[PDB]
Amino acid sequence: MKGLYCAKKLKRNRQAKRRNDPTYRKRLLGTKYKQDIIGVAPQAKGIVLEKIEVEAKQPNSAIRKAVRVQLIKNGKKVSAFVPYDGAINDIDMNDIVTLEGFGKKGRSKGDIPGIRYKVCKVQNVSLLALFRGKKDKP
Amino acid sequence: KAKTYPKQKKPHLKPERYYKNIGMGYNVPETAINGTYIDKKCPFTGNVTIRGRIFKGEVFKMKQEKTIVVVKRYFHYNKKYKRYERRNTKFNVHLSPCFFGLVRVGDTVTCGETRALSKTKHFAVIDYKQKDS
Amino acid sequence: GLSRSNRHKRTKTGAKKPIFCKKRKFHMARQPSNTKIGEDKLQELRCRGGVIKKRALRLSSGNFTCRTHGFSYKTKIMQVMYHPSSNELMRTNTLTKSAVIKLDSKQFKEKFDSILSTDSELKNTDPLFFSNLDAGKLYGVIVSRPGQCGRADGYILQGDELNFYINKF
Amino acid sequence: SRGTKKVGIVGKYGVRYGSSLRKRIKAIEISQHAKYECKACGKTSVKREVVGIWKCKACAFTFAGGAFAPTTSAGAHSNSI
RNA sequence: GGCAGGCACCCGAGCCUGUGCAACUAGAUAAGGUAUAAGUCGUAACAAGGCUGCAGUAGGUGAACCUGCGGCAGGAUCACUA
RNA sequence: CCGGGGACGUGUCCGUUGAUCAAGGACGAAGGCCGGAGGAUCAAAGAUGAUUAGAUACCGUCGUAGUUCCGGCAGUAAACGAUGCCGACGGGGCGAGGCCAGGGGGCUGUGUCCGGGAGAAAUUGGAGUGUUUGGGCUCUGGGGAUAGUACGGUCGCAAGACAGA
RNA sequence: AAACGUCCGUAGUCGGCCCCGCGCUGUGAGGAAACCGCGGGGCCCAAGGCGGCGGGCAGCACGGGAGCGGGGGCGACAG
RNA sequence: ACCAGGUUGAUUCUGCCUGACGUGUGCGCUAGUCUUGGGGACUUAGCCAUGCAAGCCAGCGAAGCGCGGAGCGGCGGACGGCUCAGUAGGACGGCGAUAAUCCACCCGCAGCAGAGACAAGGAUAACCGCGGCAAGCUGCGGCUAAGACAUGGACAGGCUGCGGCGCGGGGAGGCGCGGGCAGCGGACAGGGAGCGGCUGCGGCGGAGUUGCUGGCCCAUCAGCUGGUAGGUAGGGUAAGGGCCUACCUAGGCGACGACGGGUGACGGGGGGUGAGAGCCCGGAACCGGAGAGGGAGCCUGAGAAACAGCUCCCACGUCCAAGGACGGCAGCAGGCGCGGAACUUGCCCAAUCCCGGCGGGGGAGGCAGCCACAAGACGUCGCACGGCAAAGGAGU
RNA sequence: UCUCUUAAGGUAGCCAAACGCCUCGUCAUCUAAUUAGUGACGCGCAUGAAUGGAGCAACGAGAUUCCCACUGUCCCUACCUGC
RNA sequence: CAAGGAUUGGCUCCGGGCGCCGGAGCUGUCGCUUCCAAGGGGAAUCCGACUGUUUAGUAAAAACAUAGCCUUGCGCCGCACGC
RNA sequence: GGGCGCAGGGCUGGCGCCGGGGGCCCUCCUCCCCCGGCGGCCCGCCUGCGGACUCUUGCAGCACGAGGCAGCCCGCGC
RNA sequence: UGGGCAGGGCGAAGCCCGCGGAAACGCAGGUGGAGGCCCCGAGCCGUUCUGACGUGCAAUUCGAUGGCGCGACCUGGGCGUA
Ligand SMILES: [Mg+2]
Ligand SMILES: [Mg+2]
Ligand SMILES: [Mg+2]
Ligand SMILES: [Mg+2]
Ligand SMILES: [Mg+2]
Ligand SMILES: [Mg+2]
Ligand SMILES: [Mg+2]
Ligand SMILES: [Mg+2]
Ligand SMILES: [Mg+2]
Ligand SMILES: [Mg+2]
Ligand SMILES: [Mg+2]
Ligand SMILES: [Mg+2]
Ligand SMILES: [Mg+2]
Ligand SMILES: [Mg+2]
Ligand SMILES: [Mg+2]
Ligand SMILES: [Mg+2]
Ligand SMILES: [Mg+2]
Ligand SMILES: [Mg+2]
Ligand SMILES: [Mg+2]
Ligand SMILES: [Mg+2]
Ligand SMILES: [Mg+2]
Ligand SMILES: [Mg+2]
Ligand SMILES: [Mg+2]
Ligand SMILES: [Mg+2]
Ligand SMILES: [Mg+2]
Ligand SMILES: [Mg+2]
Ligand SMILES: [Zn+2]
């Protein structure tokens with residue numbers, strides 16, 4: 001396919017090659033639409049269902065304070081990890097919290113397994129405001 | 007035979032048969048001048064004019080008596096790959112009876128943009144060159 | 002109403018086209034004014050651009066010429082003898098273009114015998130046309146388009162054009 | 002206008018008798034009904050008349066052969082000697 | 001009943017029925033995969049891994065797997081009427 | 001017996017007829033399947049005698065399918081040189097091929113050894129002539145696992161195969 | 001991680017030597033401003049404003065010494 | 001025109017992950033000044049209270065007390081604005097075609113019927129009364145205008161058929177014009193503020209069709225096509241055409257990817273990012289298209305298949321005295337809902353321009369306000385002045 | 001894993017089946033409601049491999065359930081005709 | 001004949017390849033296989049493969065038969081593809 | 001032997017036209033009822049000449065002799 | 001040894017032609033007329049009505065409905081088997 005009149009064959013062939021590229025594979029499939037949690041739109045906001053006990057991947061031995069959250073726009077039940085030490089007591093049941101990704105392109109961050117999203121705001125006020133006491137939860 | 011009495015245009022200015036010169040530096044075939052056919056769609060002895068693009072293509076199909084399929088093969092350049100592509104489009108071209116027997120499959124035929132003669136016919140055969148020549 | 006677009010048609014390759022926009026008045030067609038014989042009734046239409054198009058609904062006579070001698074009269078239309086596109090249009094006596102019709106022979110035979118008085122050779126040149134004239138049969142074609150012009154003008158059939166058509170009806 | 006894609010001559014049996022039985026009898030019904038070349042006149046005109054008797058309909062050359070073929074493997078071997 | 005109404009044609013929403021295509025979802029049950037704190041049973045592979053291994057195919061076994069046949073060395077042999 | 005094959009040799013002929021391939025077609029070990037024939041050995045399954053903590057295995061004995069042939073299916077292998085085909089060029093040595101020549105010769109196969117170059121290295125006459133990157137053509141790969149799995153399709157009597165997330 | 005078990009094979013793509021048309025290419029036309037590139041330009045500076053100059057198009061016209069066709073001649077460590 | 005960390009006991013690789021940089025969307029924390037720009041595109045082309053957004057006039061000129069301004073008549077409302085659902089070619093872009101077509105304003109030309117002609121006929125609204133009706137809306141009577149609607153009157157243009165030579169133009173002709181015979185048909189009975197009507201030719205301004213060509217993904221979409229491809233003829237149209245119909249041919253497209261599907265696809269001018277080849281984006285200023293809750297049909301008009309026009313259906317919503325009456329903010333603010341995600345129910349025609357024959361109107365548009373959303377520059381409180389439609393800010 | 005015992009201990013399959021006593025089994029589906037039907041489940045009183053097992057394409061005046069349509073089957077009868 | 005849909009009379013014509021076929025128009029109180037004749041259909045389960053057979057007179061079946069598959073005996077037979 | 005079909009077909013019917021015989025009719029209607037061996041050719045086989053074509057609704061046929069021409073045979077048929 | 005048994009429907013091989021193909025062959029249209037094929041007539045039978053009848057028409061019939069209907073059939077005669 002390297003002849004001077006092979007351009008339509010090369011476009012036909014290299015596109016079929018490009019379908020095996022994993023970065024192009026997600027845009028071709030539309031996986032950001034198949035999960036409407038964080039792909040197409042950032043900052044998913046949903047209702048907390050229960051506090052989750054999840055243990056870190058070994059060799060690290062700790063317990064991350066995750067929460068199940070049902071989204072408002074979807075109804076999808078996704079688990080989300082609470083940062084900022086002691087914040088799990090500042091969030092309660094039937095709160096409406098906003099969730100963000102980890103900066104890992106949809107995978108788990110560090111020792112946590114399975115948890116692909118993390119909370120930033122609870123009842124439309126941030127956890128950085130509550131970890132230091134800057135604002136107040138209504 | 008024919009649904010209407012076969013009739014041609016009144017020749021303004029063989030003075031008993033109507034035939035016009037289509038212009039653009041072309042010639043009327045002598046089969047059109049000395050002929051008895053009454054095709055109204057013919058560029059020379061009929062009610063169409065030649066205006067617009069005149070391209071040269073090769074006859075692909077001579078089926079379906081008055082129309083022919085003319086393929087114009089061209090190259091399109093893909094700027095990314097820096098190679099060409101062989102492309103083509105087929106045209107339903109009106110073949111006047113003045114070219115009957117003269118034009119056969121394979122001949123290089125120059126076609127001129129007419130009116131919209133049929134649904135898919137916008138070109139008419141104005142001249143031709145044999146493949147063997 | 003009826004349209005003129007090909008937005009409902011298939012493509013050259015046979016592919017079906019998607020129909021999305023609402024119909025435009027740019028490409029609107031109308032009913033066939035199936036013009037018949039009767040006392041003259043023409044319909045006026047403010048068509049595109051305000052210009053008044055007159056289509057004939059009923060139509061009694063037509064301005065018919067004799068091309069050999071250059072004289073004309075408006076003889077009355079009697080019936081359609083032949084229509085090329087469909088014989089349904091001659092059964093209903095529908096006046097369109099190129100319809101062979103039977104004309105009134107009286108007004109035409111008066112000038113035809115008058116020129117036959119001076120030139121005796123005229124009758125022998127086409128015997129078939131003058132055969133039907135003494136029987137009273139005179140035929141012509143409409144050359145105007147009565148749905149567009151509103152008239153039924155044409156010429157008298159003579160010569161080989163006549164024997165072409167009398168074989169067709 | 003083939004009519005059948007796979008069964009051919011055993012399409013007369015319809016859906017009956019089982020696929021393997023129709024598949025088994027297909028090779029024999031092709032064999033017992035076919036015209037064969039006469040080895041006395043040369044023409045492809047040998048037809049079975051009854052089980053075991055094969056006759057050329059052109060030159061009337063009739064010969065005793067197999068049940069559904071003019072020749073069997075045991076019958077060919079005895080004649081090739 | 002000439003501002004009504006009627007008739008035929010034409011455009012035709014909308015509804016109903018049947019169906020094609022596209023995409024989604026409930027489901028007793030049941031099979032995988034992955035992750036679990038690693039528990040029980042072994043030890044198939046890695047050494048000739050203790051029966052050389054592997055893949056194919058076929059059958060069988062709680063389970064890794066075992067066996068038959070033909071390959072292969074990625075073998076434990078580059079090596080013997082020279 | 002019938003058929004085939006390449007190499008060599010040649011003032012024989014043709015004169016570009018070619019290279020490579022989606023589709024398509026044919027062949028395709030073993031095991032398997034179908035119908036028929038046959039059945040000595042060996043031997044899945046099965047049965048035993050042992051071994052063992054256990055032993056459904058390894059060992060001993062027996063034994064069916066099978067192994068065999070004929071007609072067909074199937075269409076898979078570590079089907080390997082784990083190395084696509086065609087083409088140009090490129091160091092010596094040793095060999096046991098075939099044809100030719102007779103002047104440690106030429107063609108064409110085939111191994112081997114040492115170098116060159118390449119390579120992450122093992123190695124390697126191509127895996128060389130590649131950042132000094134371009135001979136043509138086809139195919140494939142794009143971190144691991146999920147998984148050569150599922151769905152849909154095609155093929156198959158079935159086993160399953162192809163393809164393939 | 002990855003040469004399909006083999007061979008045939010059509011489209012496709014590629015293809016020996018000698019001896020007017022088309023590809024390719026140069027200039028030019030025509031092509032909106034915004035934009036962009038450049039150039040000025042003491043808006044106090046700057047981003048700017050404002051004014052110059054350019055580009056865009058395998059469409060069109062003209063030109064082009066080479067390349068390809070057509071047709072003969074070789075007969076390729078091509079077949 | 002760059003790499004760095006990460007598989008190992010250590011090594012060399014392959015390999016991916018991650019860091020490092022730009023961009024835009026959102027969040028978070030924080031915040032002194034000024035200029036400039038942007039801001040419900042993404043989900044919901046979801047639902048909308050209230051107000052406003054397209055009106056104007058010079059013909060005729062009533063009431064009302066010559067002034068006057070109603071209604072008739074006319075022009076516009078088909079432009080702007082908003083939005084991006086549909087659309088994979090009905091688009092768009094480039095190059096054409098319209099010898100296949102239509103036309104308002106405006107501009108330049110030619111012209112506009114002797115008819116009793118120092119002259120034009122019947123009306124209707126306004127209005128004067130009488131009413132119906134919850135409201136929306138509407139009736140009866142009486143009079144009365146015209147640049148409204150007629151009458152009068154045909155030299156031409158025009159239409160159609162037939163005839164037909166030339167002269168001009170054009171690449172190409174009965175295209176223009178002159179010369180013919182018929183059948184039709186057809187341009188001023190206006191005024192004491194500038195004129196205004198109408199017919200034709202040529203523009204301009206538009207518009208409809210249209211040719212070639214280029215532009216996403218999927219082959220786990222391989223064959224597709226029946227008005228389909230063509231012919232003849234008619235119809236229909238402003239106009240070529242299977243556009244439609246009648247009859248007749250068997251065609252048409254496809255691995256140079258048809259057909260079918262997908263798209264959280266308007267296209268483009270362009271934007272982002274890279275040394276470049278490329279990759280990605282284009283809702284968003286300008287241009288083109290399309291739409292106005294889903295539809296379909298239409299009236300008027302030069303121009304709409306119009307929606308701040310109509311008619312109906314559907315889905316939502318409202319008022320009723322229960323007979324009926326209405327609503328379409330993808331115009332401007334504003335509300336709700338949606339979501340991650342987006343401002344004041346501010347002032348004004350002053351600027352930019354548009355409609356109207358001028359005084360008018362314009363949520364187009366500007367000004368200000370809100371917002372660290374962005375670009376740029378610069379630090380760590382009250383007069384007078386100044387500008388502004390007005391106010392505020394800049395500047396003394 | 002151990003142990004008793006048999007000629008061998010029911011394999012592949014299949015099932016409250018025309019084969020399940022308990023039993024109207026349990027779960028699902030079907031219905032307003034189902035001892036029925038179907039799909040599952042299987043320590044199956046007492047399923048099971050030519051005493052043939054599994055299997056339903058085609059076929060059936062076979063046995064059964066549901067749906068559509070249909071109806072004097074019924075609500076709930078009435079009238080007419082012949083005999 | 002899966003399911004499911006449309007059409008169907010009379011008259012007057014036209015066309016064709018003319019025992020017939022196609023088309024058009026007109027027409028009736030919408031009606032046309034006008035009487036007669038003449039399938040109800042779908043989703044499933046059980047059993048038997050099928051066509052066939054049977055208890056003349058209570059059972060037509062799932063029973064029987066069947067082909068296929070298999071086993072047995074027989075070289076004194078109708079001669080092993082046989083009985 | 002059986003069977004679909006092709007061709008023929010004892011005969012039967014219809015229509016048209018003609019011909020007897022009988023009966024019925026407000027109008028209409030030509031109503032109603034009954035009756036009407038022999039020679040040549042054709043098949044097809046075979047023969048002669050000759051030498052390669054030739055069907056059938058259908059498979060096909062044909063140098064072991066096609067079509068054609070001229071005969072012959074025996075039936076169906078006219 | 002004789003005889004009997006409408007009319008339709010579906011359309012198997014084979015064949016002809018067209019189209020496609022490098023080839024193998026594949027589609028399409030006719031042709032052909034297979035099959036214990038389909039609906040059914042005469043006829044045969046006996047599913048249901050658990051109809052009629054049930055001291056009957058009848059010591060098994062009648063009617064409707066249904067099944068079969070070129071067969072693994074039915075049937076006259078002759079013959080065999082007690
Ligand atoms: Mg081992
Ligand atoms: Mg083998
Ligand atoms: Mg084997
Ligand atoms: Mg065998
Ligand atoms: Mg042994
Ligand atoms: Mg599958
Ligand atoms: Mg590998
Ligand atoms: Mg009034
Ligand atoms: Mg009045
Ligand atoms: Mg969209
Ligand atoms: Mg845009
Ligand atoms: Mg079991
Ligand atoms: Mg139950
Ligand atoms: Mg029930
Ligand atoms: Mg057994
Ligand atoms: Mg049993
Ligand atoms: Mg039966
Ligand atoms: Mg039906
Ligand atoms: Mg069914
Ligand atoms: Mg049965
Ligand atoms: Mg009984
Ligand atoms: Mg069996
Ligand atoms: Mg002969
Ligand atoms: Mg039968
Ligand atoms: Mg029956
Ligand atoms: Mg019986
Ligand atoms: Zn023979």
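Residue numbers (the deposited numbering), protein chains in the order written: chain SX0, 1 to 138; chain SL0, 7 to 17, 21 to 22, 29 to 148; chain SI0, 2 to 170; chain LPP, 2 to 82.
Beta carbons: idealized from backbone N, C-alpha and C, even for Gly.
| Asked | Found |
| --- | --- |
| Does the CB of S86 (chain SI0) have a neighbour CB from chain SL0 at under 8 Å? | yes |
| Residue ranges of each alpha helix (DSSP H) run of no fewer than 4 residues wholly in the region 7-38 of chain LPP, ordered along the chain? | 20-34 |
| Looking only at DSSP bridge pairs, what is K71 (chain SL0) linked to? | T125 (chain SL0) |
| Would you kindly work out how many angstroms separate the C-alpha atoms of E53 (chain SX0) and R107 (chain SX0), rounded to a whole number? | 19 Å |
| Determine the DSSP secondary structure at residue 145 (chain LPP), reduced to helix, strand or coil. | Nothing about residue 145 (chain LPP) can be reported from this structure: the residues present for chain LPP run from 2 to 82 only. |
| What's the C-alpha gap between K17 (chain SX0) and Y99 (chain SL0)? | 20 Å |
| Could you give the uninterrupted runs of the beta strand (DSSP E) lying entirely in the region 13-86 of chain SI0, keeping only those of 3 residues or more? | 42-47, 53-59, 62-67 and 72-83 |
| For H109 (chain SL0), which residues does DSSP report across the bridge? | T82 (chain SL0) and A139 (chain SL0) |
| Determine, for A129 (chain SX0), whether the minimum Cβ-Cβ distance to residues of chain SL0 falls below 8 Å. | no |
| Would you mind reading off the limits of the alpha helix (DSSP H) that contains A68 (chain LPP)? | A68 (chain LPP) -> no alpha helix (DSSP H), and no H or E assigned at all. |
| Using a Cβ-Cβ cutoff of less than 6 Å, which residues in the same chain neighbour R88 (chain SL0) once the five nearest sequence positions on both sides are dropped? | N103 |
| Just how far apart, CA to CA, sit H21 (chain SL0) and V63 (chain SL0)? | 16 Å |
| Using a C-beta to C-beta distance shorter than 8 Å, which residues of chain SL0 count as neighbours of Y166 (chain SI0)? | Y11 |
| Taking Cβ-Cβ distances below 8 Å as the criterion, which residues of the region 8-28 of chain SX0 are in contact with chain SL0? | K8, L10 and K11 |
| Under 8 Å between beta-carbons, which chain SL0 residues line up against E89 (chain SI0)? List them in chain order, please. | Near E89 (chain SI0) there are no residues of chain SL0 at all, since even the closest Cβ is about 14 Å away, more than 8 Å. |
| Can you give me the C-alpha to C-alpha distance between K169 (chain SI0) and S86 (chain SI0), rounded to a whole angstrom? | 12 Å |
| Can you find a CB in chain SL0 that lies within less than 8 Å of the CB of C120 (chain SX0)? | no |
| Taking all protein chains shown into account, do 16 or more other C-beta atoms lie within 10 angstroms of the C-beta of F72 (chain SI0), making it buried, or fewer, making it exposed? | exposed |
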